[PDB]
Each structure stands twice: as C-alpha cells, then as structure tokens.
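Note sheet for the following structure.
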Amino acid sequence: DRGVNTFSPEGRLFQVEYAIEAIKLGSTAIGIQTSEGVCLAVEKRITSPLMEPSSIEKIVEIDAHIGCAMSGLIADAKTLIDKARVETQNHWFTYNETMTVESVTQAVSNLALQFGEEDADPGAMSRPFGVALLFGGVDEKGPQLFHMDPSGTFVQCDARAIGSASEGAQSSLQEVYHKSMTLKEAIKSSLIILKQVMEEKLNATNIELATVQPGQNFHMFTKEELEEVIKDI
Amino acid sequence: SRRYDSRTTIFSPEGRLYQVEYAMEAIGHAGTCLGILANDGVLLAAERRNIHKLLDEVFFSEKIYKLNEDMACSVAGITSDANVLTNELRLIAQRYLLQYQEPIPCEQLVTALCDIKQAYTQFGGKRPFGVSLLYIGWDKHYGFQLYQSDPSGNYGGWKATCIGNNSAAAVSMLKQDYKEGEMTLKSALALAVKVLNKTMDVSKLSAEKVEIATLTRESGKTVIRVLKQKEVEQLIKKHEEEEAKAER
Amino acid sequence: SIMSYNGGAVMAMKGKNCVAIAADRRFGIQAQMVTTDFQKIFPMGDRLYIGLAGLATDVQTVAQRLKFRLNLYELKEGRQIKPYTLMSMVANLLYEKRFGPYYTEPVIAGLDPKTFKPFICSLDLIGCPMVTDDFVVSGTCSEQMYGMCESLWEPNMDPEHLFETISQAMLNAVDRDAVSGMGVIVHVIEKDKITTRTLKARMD
Amino acid sequence: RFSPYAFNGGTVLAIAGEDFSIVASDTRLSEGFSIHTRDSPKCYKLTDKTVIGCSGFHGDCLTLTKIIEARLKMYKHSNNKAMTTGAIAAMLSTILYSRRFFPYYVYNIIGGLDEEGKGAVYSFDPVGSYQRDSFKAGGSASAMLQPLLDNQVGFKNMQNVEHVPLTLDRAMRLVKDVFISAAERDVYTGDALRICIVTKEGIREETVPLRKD
Amino acid sequence: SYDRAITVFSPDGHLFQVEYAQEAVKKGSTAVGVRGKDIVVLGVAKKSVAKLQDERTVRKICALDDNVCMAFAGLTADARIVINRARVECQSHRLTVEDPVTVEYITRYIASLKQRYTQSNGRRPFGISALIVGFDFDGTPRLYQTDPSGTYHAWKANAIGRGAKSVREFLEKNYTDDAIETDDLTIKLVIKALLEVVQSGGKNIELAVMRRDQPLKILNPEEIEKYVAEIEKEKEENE
Amino acid sequence: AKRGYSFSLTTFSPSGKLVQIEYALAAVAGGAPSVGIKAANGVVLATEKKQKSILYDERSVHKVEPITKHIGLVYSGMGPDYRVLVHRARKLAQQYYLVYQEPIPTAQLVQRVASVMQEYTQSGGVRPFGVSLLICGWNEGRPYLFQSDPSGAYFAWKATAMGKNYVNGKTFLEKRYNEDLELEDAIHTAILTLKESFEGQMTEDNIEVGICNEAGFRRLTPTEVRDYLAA
Amino acid sequence: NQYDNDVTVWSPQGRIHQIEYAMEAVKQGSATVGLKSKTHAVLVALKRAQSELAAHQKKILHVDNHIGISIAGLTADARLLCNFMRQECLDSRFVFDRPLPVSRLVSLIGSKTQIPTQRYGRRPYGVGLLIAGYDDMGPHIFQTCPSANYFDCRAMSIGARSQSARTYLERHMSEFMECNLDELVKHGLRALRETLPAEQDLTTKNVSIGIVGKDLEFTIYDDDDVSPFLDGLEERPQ
Amino acid sequence: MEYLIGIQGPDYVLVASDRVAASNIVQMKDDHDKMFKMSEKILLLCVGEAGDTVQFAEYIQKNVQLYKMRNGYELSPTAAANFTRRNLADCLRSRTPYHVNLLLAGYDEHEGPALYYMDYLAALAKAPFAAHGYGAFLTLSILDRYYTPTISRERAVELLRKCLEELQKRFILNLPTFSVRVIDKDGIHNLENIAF
Amino acid sequence: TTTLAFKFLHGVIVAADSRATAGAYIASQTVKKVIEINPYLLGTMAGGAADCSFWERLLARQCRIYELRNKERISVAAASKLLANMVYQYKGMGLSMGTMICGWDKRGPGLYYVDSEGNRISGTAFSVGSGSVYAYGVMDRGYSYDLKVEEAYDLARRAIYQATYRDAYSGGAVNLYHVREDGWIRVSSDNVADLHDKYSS
Ligand SMILES: *[C@@](C)(CO)[C@](*)(O)[C@H](Cc1ccccc1)NC(=O)[C@H](Cc1ccc(OC)cc1)NC(=O)[C@H](C)NC(=O)CN1CCOCC1
C-alpha cells in the first residue's frame, strides 16, 4: 500500500496509469476533424430496454462553437464539463469574445493532476479523473479536434478514437481518413467504424452524433436525422 | 503515517463497515437494557453492572439518563462514549427549545444524534461511538414512544425492544408475551421482570441488580420516575409467585 | 434613551419567610401602547423567579438564553439551582456581552432550596450583582419606585403585609411614569404556595 | 485625515478614421498650482493595433498601465494570440470595476484598429462604464474639446454640409487645433502635444509645442 | 484535517470502494418504481419488519418537495443524510431561482453529491441507490435512479436492492401500454413485481402513489390488501 | 514543519474490545498502590511512595495533589500522565468557579475530567492515559470518593484500592471497612490497606496521605504521618 | 523495495528512490537539444506522435520575451512549472520594470522544486527542462531536474536516446562560442538527429526550434517556419 | 407607506394588508401582496425595508417548508412565531440587521386561533388585535372601541371595514385596495378585496 | 435616464433613451440601455452606468450557464431573482441601479422590476429613471390592453420623448423593442430631434 502521488520505477504515476485503464472499460467514442467541420460520435451501450436512451448524454455542448465527447466513468466528467462551461463564460465576460478550442482543452487539462493527500485543501481531489475527452469545435484556426486523457496531456488530432475498442477503431480511422474528405463522408465513416466495434446492433436510439461547423453552431442529431445515415449501411 | 492508519471509515470487500460491526460486538458484552411501550406510559429496564458492595451510590441512576422534560434514555455499550452522546442529546433538546419555544419531538432528537453517529462512520478517520441507546418519551404528535439507536447511526421505533447482553434471547421473549394495543404499565412492568430473569445468568435477580424507570402522562405534565429498591423488590416477588403458580 | 424605548418596571421585596416580585404589564413602543398583558417575570425553578426590565427584545432574549443554561445545569447537577448560583449565572451571561450588552437590568426574587431563606438581587446590563435585605428595583421609574419602598418597607412582613407593600409601592410609582403601567402583576413566593395576583390599576 | 488621491491634470483625445486611429494628449503633469514636469505624454502603446491614454490621478494611471501590461502577457501565453482592441477594452472594464468601492481616479481612452482593419475608439469612466464611439475626449479639458468635435466630425447642428469621410490630414489638423484652443483656457493643459497614429504599418509619434504658462 | 485518500484506482482500473458500496445496496431492501402516463408509483419489498417495530418510522419512501419523492436501497443511515441534503437543496433552489425544483435537477444534485464522495480526501462513498420520482410543470411524468458512483439515468421502470436482477427482467416482459393504461393497473405492475421476491406481501409491502394533481399518498395495509385479491382472481382465471 | 495524525489509534477489535484501553489498564495495574476511603465525616487518600535510592528528595514531587480548596487527587500508573490531568482538573475547577462563584461539586469535576480521558481514546493520533484517578472532595456537607479510569468512565466508591494488589486491596477493604468509620479510624485502615501490599517496612517519608473534610482538603504533614504510623 | 514509496524515506544506501524514479520520466519523453553561442541561445526539440494520425506533441513553451523552455517528462507538471516561471518574470517586470536575470529564475525553480522532495505525501516534479535565455551576461542554457539540482551548461540534451546527442555536442563544443546564428541552429539539429534510428531523420513535422538572443526575442519555429533551417541538410554518415 | 392589521375571534384569525407598492412619489404596483404562506394554516405578513422584507419573510418561509418535509407535519403558530423571532433577534446585533415589522397569524390543531405582533427589534407579543404602519395610529383606537373576544367573522369584517374607511378619510396616503384573508380549521381563505 | 416597459395583447414593449450624464455634463447620447440577454430575454438599465452594465452582463453570463446546465431557457422570474439576490449582498454599499427584466416564459409574457435597494416586483407596466415621473404621465393616459402593435409603438416612443422634454438628464434617441412569443425584435431607433419634427404635425 502506497500514496496517490507515487512514481513507478518506469517514471509514470500509478494512479494516473490505472486511470487510463478505466477508459478501457468505458464505451467507445470517435471524433473526426474536417475542412467542413468536426463530428463527434459515441455508443450509449444501453443495458436495459426500460432505460430511457435520451438520458444517457455522452456528447454535451460547452458553448455554441464547442462540443465534447467523453468515455470511461461518466460521473467524473460532469465536474470537468462544468468547469469548461464556466471558463468559456468567464472568458466572454472579461474579453467579450469566444474562447478558442485549444484554450478550453488546456484549461481542463490543468485540473487533471490536481489530486493529493497531504498539503491539500478542504475541498481537494483524492484521485485523477477516470475520463478521456474529445473536444470538437470551430474558432479562428477553423474546425479543430482535441484529445485529452487523465495524465493531463492534450493534443490536436485529425481523427481519434477512445474507449473499450479504441485499438481497432483507430486503425480503421487510419485506413479511411484523409485530409480532403467532407463532413458527410466523416459522419458516414465514423458510424461504420462504430457499428463494427459495437456488441449491440447500431440503431437510431443506440448512438449519439453531433457536429460543429463554420456554417452553424453545435447541433446534436435527432432520431430522424440519425436514421438518415443509419439507412446507409 | 499511512502505515499507522487502520482506516476506520472504509468499506469491506463484502460491502460492510467493519468498525461498526466490531462496535456492535461491544454492545453485546454490556448490561442488558430493554424498553416496553404501554397504553398509559412507557418504561426502561436495565441490568446494573456496577454491582459491588463497596460502591457508594451517589447518582439517581447508573444507566438511565434524563434528557428533557418529556424524554429519557438508557445506554448499552462503552459507558464513557455514552456520556458524550447523552450530554449532546441534552444540548440538542435545549437548542430546539430555545428556537421554537416548545419541547423537541422524540423522533427529532433521535435523528439529530444519529446524524452525528453516522458522520463518525463516513468521514474523519475516527472510531465510531460504541453505544446503542434506547429512548422513551412523549410529545404532542405521536404520544408515548420508544426508539432504538445503533453505532452506525441507524435508528428505529419499537413497541418493545432490547439491547445489550442476550439481546437476541430477550427480543424473542418479548415477541411472545407482548400484546399490541393491550399492554398497560402494570402488564409491561411484569413483562420486564420476566425477560430480565431469564437473560440474567445469575437467576436470582435482586433489586440491586436491576434498574427500572417509568414515563407517565400525569395531569397535563410528563412524569419521569425511577423506581427505588422497595418498589423493584415488590415487582420481583410478584413474578416469583408465577414460578410457584406452575405447581398446579 | 434606549432603556426608555419600551419602558417597564420590575420590583422585588423581601418578607418574613417569603419574597414578592412585581412588574407592570404594558408593552409599548415609545408613546404607543401595543399590548396590555406582557410577561416580564419568568419562573426559573418553582420557588425562584426573575423579572427583566428594559428593551423588550433583550428581556425575551435573556430570559430564554438563561433557561437554556439553567436546564443544562439542573440536568448536569442532580439538584435544582440556588438563588446565589442563578445570580452568578446571570452576571456571567450579561458580562459576555460586555462591549455590546443586552439592554436589560434583571431582578431576581426567590427562596433558597432546603434552607427556605428569602433572597433578592438586582443586576447591571453588564451583570453587576447587588444583594439587599430590603428591596431591589429596575426600570424607567427607578426614582419613583425607590421613594415608595424606602418609606413603606418594614423589617418582618407576613405574606399578606408584604403583598400590600409591594402592590402599593408599584402602583403609586407607576402612576407618575408615562411609559409604565396598564396593570401590575405580583407574585408572592412562599415555601408551600405561590400567590399570583393582577391588581386594579389605572389604564392611562 | 490622509487623502489617497491627487488631481494631476492631463487631457486625452482619440479620433477613429476608416483606416487609422489617432490618440493624442498634452504632456503636462501638475499638482495644486505647480507643475511636476513638462514632459509626460499620457498616450501609451500596448500592441501593434492598440494604444491607450490615461489621465487624472497619475498614481493610479501608472499602476493600471502596469497591470494591463502584465495581463496582456498573461493572455499571450494562455491563448497564443495578441489581445485585440475590443478584448482589451472589455478587460479594462472589469479591472476598473474590481476597484468599485475604492475607484481608480482615471479617465481612459483606448484607440486602435478592429478585426476588419477599421479605426476604433473606446471611452471609459473611472469605474468601468464604456462604449465604442467615433471620437472622444476625456480629462480636465474634455468639456472644451468635445463640442468642437461634435460640430466638425459629427456635423451636428449644421444644415447643408456634404458629410465627407475623415481623412488623416483633416483629423490630424483637428487634434492640433482643439488642443491649442484648450491650452488658452484650461490651466492644466499645455507645454506640448503628443499624437499617436495607429495604422496598418504600426504606431507613429508626433510632437507639437504648446503654451507653457 | 483528515486528508486520506479512501477511494483509489486499482491495477485493473477499478474503484473498489465504489464497487463495495454497490455491494451494500445489493444487500438492501428491494425497491421498484414504474412510470405510467398519469401517475408514478414506487414500492419497497424485502421488509421482514419484526411486527414489534413501529412501521411508520422505518418507511423507505420519502418526500423531498411538494412534487418530488424518492425511495432507496442499502445503508438506511446513509440515505437519511442524502435525503436531508436533497430536501435542503429543494428549498435552496426556491430561494435563488424562485422556481420549484425539477425532477432531473434534484437527481443531478444527489448524483453529484455521491460522486463528490468518491473523489474526496477522508470521505467514504454513499452506500445507497435512489429512485427519484416526480412531475415537471409541463405535464410529463419522470422516473430517475442514482447509484454510489454518481451516475444517473431515466427509467420507464426500474428495480434496485435485493434480487434487483429478478424484478428487472420481470418488468422487461410485463411493461407494455396495456399494463400502464389506468391508475389501478400501473399500481398492479409494482405489486406483481414485488410478489416475485417477497413471500406473499400485503403486510410486507410498502408502496406510495403520486399524481400531478395531489401530493404523495402512502397506501395503508387495507388498500394494499385489495390489490392482493384483485390480481388473485386474475391469476386464478386459467380455467 | 508539523501537523498531526487525524485518525484514531484506539479501535475496536473483531472480538469487540478497545484493545488500547485494556492495555492502558495494564499500566495502572502495574503502578504503585493507592487507596481511598470515604469516612462519612471526611475522606482519606493514601499512596505508596517508594523512593528507591535515598538520593531522591521526597518532598520535591508529590503524588497526592490538590485541585482546589476542597478537592484532592491521587493516581495509580504513569506519573507524567497524571500530571497533565492534574493541570486540566485544576483549570476545569476554575472555569466553574468563575461562572457560578461556588466551589465545584466533586461529581461535576469528575465528570468533566473523565470527558478529557474519553477524548484521548477517540481523538486523532493519541493514546489513552495510563492512569486511574482517585478524586475526593467535600461539598454540600457531604464527603465524596470517585474513581476515573483510562476509558473515561467514573465510579463512586465508599472505599477502593488501585495499582499493585488492587484485588488484595479491595478484599481487605470490604472485610475491614464499614460505613461508619470516623476520619481518624479511616486513616488507620487506609495505611493498613497499604501495609497489606507494602513489603519494605513503612516510614513517614515512604507513604503520602491526604485528608478532606469540612475544613477543606490538605496533605498530611510528615510529622502527622509519623504519629499515625504508631499503630 | 520497501524504501521506494515516499520521498521522505531514505534508503540505507543514502538515496531517495522516489526522486530517482521521477528522473526516469525525463528519459521517457523525446530528446531536446539546448546550445548557446556568444549572442544566441537555441532550443531544438524532437516531437512525439502518439499515432501519426494525430499531431506531434508541443515541446517548446514561452516564458517571457527573453526566456523560453523545452520540456521533457510529464506535460501537466511542465505547464505547472511554466506558469510559475511566467509569474516570477511578470512580477519582476511589474516591480523593477526590467527582465528577471535567467540565473535568478533558475534559482527560484530550485527553491520551488526542493519543497515537495522533503514533505510527506508529496512528489517531485516529473519534468526536466532546458532553459534558453538572454540577459546582461549574454545567452544562457540551463538544465533542471526532478531533483531541485540545476546546471549552468555550455550545451545539453535530455530525453529518450539523448546519449547520442551528448557525444556530438561534446566533440563540436569548441566551435560553439565563435559560431554564427545560422550554423548554431544547424549544430542543434545535427545533435537532435543522432537521437533517431537510422531509418528516417529530421522533418517539418517533428522538429521545433526556439531561438533567443541579442537580435530577437524568444520565437518558436514549428512547421513552415522550420523548413528554411532544414534546407542545407547533410545526410547521415553513420 | 405600508399597512397591516389582524383581528382574532374565537376560532378564526382575520388579516388584511394594502396592495400598494410605492417608490418616492409614485405607485409602481396596484396589486402587491404582503402576505406569505408558511403552512396550510399560517400566514406571515411582512412590512418594512425595501430589500429586507422579501429576503427575510422568504427565508423563514422555505425553512418552515423544510420542516414540513423533514418531519412530515407542520409547525404550530406558536413555534413559527418563535422561529421567526429567533432569526430576527440574532441578526439584530450582526452586520446585516433586517428592518422588518411583521405580523404572524395562524390556527393550531389544539390551541386554536393565534395572532402575533413583532417589532423590527424582534419583540414578540400575542394580541387579540394588532396593526402596523402609520395607519395603525388611526385604526388601533377603533379596534379598542368595537372589539369583544366573542366577535363573529362577519362582524369582524365590518370592524375591519370601519378601519379601512378611516384610512380613506384621515390618512394622507392613497391606499385604494386591501388583501383580505381568514385562517381557521379548514386553512387559509381568500376574501373579496376591499376597494375604494 | 428614462426607461419604460409594458405588456399588452400582442406582447411586451421596451423603450429607453440614450443619454449618459456625468453631473451636469452630457457624456454620451448613443448608449444602448437595453441589454440582449437571450433571443427572448431583455434587460433595461438606469442609474450608475458602470453598475448597470456590469451586473446585467454578469446576469447574461449566469443565464447562459443555466441554459447549458439544464438544457432549458431560464424563466423571467428566475432571471430576475438571480439579479435581485446578487445585488442584495451589496445593499448599503452605494450601488445604484433600477432595472426591468422582461421576456417570454412558459407562464407567458413576464415583466419584473429590480432595485439596488432589493426590490423585486412583477407588474404589467413600469417606468424607471430620472424622467420616470414624466413617462408615466402619457403612458397611462394613452394605455389600453387592446392597443394595436403600431399604436403600442407610438405610446412608448412618445412617452420617452415627453420625458426628454421635461427631464434634463434624459435625451439622445428613443430605442424600441417588441417581445413576442418567438422572441424580441428591434423596432426603431429615432433621434429626439427627428421625432420633435414629426410630433409637431
Ligand atoms: C440617466 C441618463 C441619468 O440618471 C441614466 O440613469 C443613466 C443610465 C445609463 C446606463 C448605462 C450607460 C449610460 C447611462 N445613468 C447615467 O448616465 C449615470 C448617472 C449617475 C451617476 C452616479 C450615480 O451614482 C453611482 C448614479 C447615476 N452616469 C454615470 O454613471 C457616469 C457615466 N459615471 C460617473 O459618474 C463616474 N462614477 C464616479 C464614481 O462613482 C460611480 C460613478
């Protein structure tokens, strides 16, 4: 038995590396950066037909121009998402402008290693967040996709997959993705890869899709417009 | 530092609090303490553990504590930990009277202390209070009441209950004799002497080995009265005639 | 004057083996009368009473905070409180607010448990004890009450004679004060009984 | 009793054109009936696109410009961008309001270029109230400069004038003329006039002498 | 002052303290609630009340606000804290926003509170799952549940506690528009689900109904025994 | 650089026992014998003061300490621990007097002191006191004798003995003590109870004894102890 | 084995394992090369791709106008230290109106990094830095470690397979001080090149350059800005 | 300036308040309610400072409601008045003193009708009838004149009407409408608003 | 200032001037005294220029967070309560702001008045500012719930004009907003000088 801020002989932190393993348990999520916009996809993994599928939100909006998709321990991300939402509004209040996708990713990444036992505040974290995040939005640099993990490392990705079957999904993305593909091609590609790795058959109420683009704001797909691309197998 | 921490407020692999269950074992070693609800009142009967010839007897009681004008409690477990809780109970009762200008309702006093006992099981890293309490009282909402309290912070209202040594053997004995809505204070007292006679490993039962307190509604005011030796001896001799009634 | 805002008058008197405590019944804000039956004398332990005069809030806040402490005392101790003990408790309570006090000058009247000995005292707003063998007064008509008590009070008075003295002392003093009156309640405390009487008084 | 404030004079002026923004001020620093220094330009440069002018209590003016400098570098590191004219103006509003119950005795005018490349002028009160406008004067002689600008730049009260766009030559002429006129009447204004011109090429500084009495 | 990490990550990426708290709710009394189209009803089984116990004081169904109520499973002492925290929040939402609390909001509060107790120093997770029930000022009925981890979902019908697996799969079969037609039939679905675990209830069944018109109505052992007979002549209608 | 442990060091064993308290009871049992007797006229407190080297100055440190004008103390177990409780009891006695202007009743003082002893069985990063206390006092025209042990529990005695041979002490007491013995006779039987467990022959510099009656609490002078030793 | 849990536990050999393990995190991240001349200080950093469908990690960060850093280790610890360095520089300019001397900033890092290595329940900073700065004493190259020990070096390289760079930097060391800016960067890249397998070397995707000096403030070159520096390349003579 | 009045009978409590919300010289609102529902059988009529009135009365309101949810039953009129008084008394010497003159009316299960008067200094007093505001000075004498403890509710309204008509005749401030409510065993009842 | 708002059959009208004064000196005559919180929520401002601008902007921040957290728009009653609570913490400090918060709810057309003194009242018609006593005059004389959309515009526009004619601290231009079921729209922004010529016919 040890403390939470203990280094392994290799050089990495135990609790942080174990938190990465918690993502492997969570449902798979895909994001694709495109000239025309950014799409975010996630599987819900409904365990019972009695459970309302719309109450499982794994893609949420941070601002009009920024969306976020999580995987792992959903309950942990709720504070991270709220801190992100507060930061974009605080930025607007002070600077009268929208915050950049990279800045919001960076703000959240600062909270990642804010855990500890001794020398800690009355309301301090005890463990890292067991959640990976996919930030997708549009700013001055255009449509951008950012990935985050418990280690606090954040990096821009052309396309990224995180979750249980993230290994097979990423190689599927490397096979399909190239620089010039459209957003319509991006949504189509993300869903095909999603239906391959899912244990359950991909359905309209089974998944979530959201796109942020230069044209208009964050938009989550309804049952009808989900079915519009579900019928393309 | 973390090597010396015994982790008092932690879950077990099976999903239970070890320090609470281990504390409950401490209650089972303490003196037998029971309570019975009647129609015309409510009483507590407790086994005296301070039973030495050289003891002085200065206080009105050993196990029974008066908390309020309308309320009283009895204790089973670590006696020092009880002194902390009984003192806090009196403060809570006074806080309520200061604010609302009427006596604290029985259930409200029990929950307030249980909130404290629960706290010591979830955070702080301290050991739980090794005490189970039985509460008797009257309020303008439910009348005569009897409540039980755990070291876990768990509480329950009972018509008849027992805690301490031979708790299981006593509760099944109460489960036999008790009549719902038919028990009078005289019949509940007779039951109390009977149950304590069987659970007492020294089955002679003198008045100096037991302790009985009654809570009655008397002409608009609540009367809490601890029965003295001559009253208790008289109750035992009544029960002792029932052992001589089996010769039929 | 902050003490003259609600008015009021509280008096205590020593008898043979008894004590009397009286107060006016007016509750008013400055010139306006609001209630004709306000309680200023409070029971602290059967044969012991406290009368509080001053600001109506502080009269009520002190009375309730004193009972809070007294109930805890009488439960911690196996006994009921003694008159001198209450006096020191009140003094303690009032001095805690030394630099921002309750605007009330209390008066304690009662009989000592077991010894049945009479006891009277008055205190400061910051809790200075003053024990006497004759009388203690507090209120807006302090001067009026003193003039009555000095000329009327006699050494050994039986409950009936004591009642007549405190009643007459209160009535005639109150009648020269604008912010006091509207009825006078008197408690005569004996070992075996307590006599409580409201007097026939002016209502102007 | 000790007073934490002192009136140090100084008047700041800014005019926004279509491709330029002029920020100008006198150079006199005063206290009571005496002059501290004849060389104290109130216009200070923040970025390539933005220039600020501060007047009133100099102590607060020095502190605030140092605070802005720090906050500007803070934004640069955090966002990888230079802070824009509108974003500085929005920030300055919050900084001035943070001292609401102990105000900065300060009159700020921000002049620079927006995202489209057009001229911008932002006016400020001591506690943070601000708006964008085409021309603004702030300071001791602000009540002297303003009416002439309202008449000549805004064409207000005039009947049949064409409404010709502001040229750099006319605006520069207008700054010099109002300051010469203010130096005749306001005792706090004088010595020398410094003008800062904001264009696509950057910031230029020009100095013209005034009365020194 | 006591800053010791209680809940930590395991080598395989698990939170044992959370999972152990989820074992504590498993040992608790069976709690089930179904969502109709006019009324929402929840009920609790696995009672085994000693008879000699006052059944009024051991109620596991609690009201939170004028329009929100909840049931639980697991550590009864833990729930009482949560319920009190949820009740305070219901009035605090009225002091800040004036508008009454929504069913989703109060669930989100309970969930965040339970989540905060899995990521804080010196604290241990709550060992309860809650079934939150209410009506929006909109007309639509609502049913939510929480668990020790702090995850919450909306349900048409759900069961947590002892033998939650058994009732969960009974509801999956029996939940149709025919079963939730009127008020009586939605109540029947709860009781029929409770008879899967409990040894013939009526005395061992506590259940309460909530309509959008009136507050909470807890049914007494006389009104519950009526449904015991009404479904009995449905069961004994095979011939 | 310091803070403090916030977790208890006294915990419940699987058998349901507070092990540290029972081990602290072992410490008092191994301590020097002390006896207390209520005389219904006064109270006597007597303790063994074996000095071991003669080089030790007897009068320098005392085992029988006064809390106030009417209350006195003895212990069995650890000297250093006893001394902390002495200071705490004295301070508690003054708190009461400042509020009520009345000498603190023995029962009230014992309750307050026992609460402190209770704290050290539950507070963060501390062990219980390895001391049992004998508290005597005169108030309300009545003698009092109390015992406070490591757990934080108090008992009212007519007569008791603690430390080494506490079993032999009590069995000697109930055999010899009767609730009628005057203070003078109480001192005799207090010394005799110590004599039962002494092994070394008594002198006036070998035992410490304090009395408490209506006149107040005081330690008996070496000369007085010498005159009583003429048994 | 039993002495490797806490920074407060001393090994019987007179070592602290927790500090040594934190130092391993530096050797985990990709190599970065720091070198100085007489007027300029240059940081050349290799970037890691987690999967070449994603961008290469940010390795060079700004501190002030005259100071810049290249990190090796934990990113979140790197940004935490970076914010501390920024703050101290900002305070210096706020108070004294002059840039904070590089040596004095590094001395402050030594102070801040020492604290956790002596407190229980705390951990060392899992990042080593190479600091490039210019002040009154000319260009500077400083090395920091998870242990609060720091170095004032002529040239330095830390990271994965940074051993090969150390050999190159040592042999062409006497050439550095008299060297011009154009070739001073070349020497940096030719050092960073050695820290790579013989398949492929430096490109526009994986090279980041940070230059500060008497001429210019600290500037980061990354993609299109890095391609003039790569031109005039000399193939690997392994 | 605001007005409150309360009349207690044998088994009811009649309360009324003006519906005027004014700022300096203008009447900004015509249908303002100065009555706060605490329980099903308790009303709290709050009057005084611009901000303190709403903030204080509402804080007590949600606390009584919290008590209702906490224990299953409601507070008594006696317990409610003492709870309000405690919160007001405690704040009196603090940094934020509430300047509110209030009037609490309620019906108890066992004790019956109850009316409480309260100072801004937090002086609690039980009265058969009580009034607040400048209008109290003109009306209180009419209450003293035509009041018996055995007054029926229909004649209590007549007595109330005598008071409100006096406010039209002598009182210099314009007070056209009044909110009228009665509390008894059945709860709180809305009455016809008396208008002029 | 002068600001006014009233609700009729077809929605809610919101009118304001644009004068800003610094003592007896006119600082500006182009200030936007109506704050656009949501596509359906508005807020007027009168009093301390900085105080008004800051707290209403703080409220606009607060409401967006509410919108993100609950997936629903905030109610007029809720929005108004938040501002009322925030400003109450600072009562006695010397803040000066009289504001009207108005939009469209599930309850329908809402209109609330909020003070720095701690007032919060719902009403069908309000007038706030130094020239409020003048605006009330004509707004009440020409008001009816049955007013046409263009007739309601004329009532509000003239009510500000009449206020600028009497009050020294009111002037500039009259800005008009119409809050309807779908949301609000910018109606008109006419100069007082231009209106003066039209109202003389
Ligand atoms: C009318 C025009 C005048 O009363 C309005 O109330 C108007 C409202 C408004 C709203 C936003 C933008 C512009 C205008 N108010 C003012 O113009 C206002 C008048 C005022 C001054 C001081 C007050 O006490 C705090 C209250 C009202 N003018 C200002 O606020 C001016 C621009 N600023 C100052 O006076 C400077 N500071 C000095 C420090 O204290 C705060 C004000």
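Here, residue 1 is simply the first one shown, and the rest follow in order.
Each Cβ is built from the backbone N, Cα and C atoms, and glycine gets one as well.
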Selected residue, Swiss-Prot feature O-linked glycosylation site, from candidates A:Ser71, A:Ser109, A:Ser190: A:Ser190
Recorded positions compared (A:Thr47, A:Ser55, A:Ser190) - the one with the fewest other Cβ atoms within 10 Å: A:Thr47
Pairwise CA distance, A:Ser48 (phosphoserine) versus A:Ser55 (phosphoserine), rounded so that it is a whole Å: 13
Surrounding CB atoms that lie within 10 Å of the CB of A:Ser8 (phosphoserine), all protein chains: 14
Helix, strand or coil at A:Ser190 (O-linked glycosylation site) [DSSP, three-state]: helix
Intermolecular Cβ proximity, recorded positions A:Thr47, A:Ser48, A:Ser55, A:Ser190 versus chain G, under 8 Å: none
Where A:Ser55 (phosphoserine) sits in the secondary structure, as DSSP reduces it to three classes: helix
Alpha-carbon spacing, A:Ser8 (phosphoserine) to A:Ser55 (phosphoserine), which is rounded to whole Å: 40
Packing count at A:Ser48 (phosphoserine) (other Cβ atoms within 10 Å of its Cβ): 14
Between A:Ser55 (phosphoserine) and A:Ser190 (O-linked glycosylation site): CA-CA distance (Å): 22
